[PDB]
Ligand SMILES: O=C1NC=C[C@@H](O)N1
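The chain below stands alone, shown as structure tokens; this is the form solved without this ligand.
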């Protein structure tokens, strides 16, 4: 575990992110999932997965889909949340975290994918905890085993 320490809702958050990745996988998309949790009370504001294949979407990464599914929120709500993602965030999803002032991002794995985003979050004073979750590494591997041209065309 790099980038910080686990906190009390991190098992719940990563479990939901993984469930969303597994749902996306079963739909025929890239298994990338997320959810946004209130750090105070553990409430789930929203959950989502990557909709690139499901909707032919350029922008609906797992983190963007998760934020879309939370709906419109007052800016102050995002300030004590953690965004859970099964996969290290790209520059756009990094940008979402910074723009909304989401203080903390918990990342399943950064072996299959890492951008300059991960470092940039730390440059901008955000917390990025990489938990190296084997369940996230395994489902991404099953997608890449089946659909390497879909994966390497995306990244």
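For clarity, a rigid core is taken as the largest C-alpha set superposing within 1.5 Å between two forms. Positions refer to the first chain, counted from 1. Only residues modelled in both forms are compared.
One more form of this protein exists, namely the form deposited with this ligand bound; it is left out here, but the text below deals with it.
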query	finding
Answer range among 37-45, 66-74, 120-128, 84-92 for contact with this ligand, defined in the entry with it bound as heavy atoms within 4.5 Å	84-92
Interface membership of residue 104, this ligand in the entry with it bound, 4.5 Å heavy atom rule	no
Any non-hydrogen atom of residue 154 within 4.5 angstroms of this ligand in the entry with it bound	yes
Close approach of residue 113 to this ligand in the entry with it bound, 4.5 Å, heavy atom	yes
Contact of residue 108 with this ligand in the entry with it bound (heavy atom, 4.5 Å)	no
Heavy atom contacts to this ligand in the entry with it bound at 4.5 Å, residues of 44-76 in sequence order	50, 61, 62, 63
Core-superposed comparison between the shown form and the other one, runs of at least 3 residues with CA shifts of 2 Å or more	144-146, 152-155
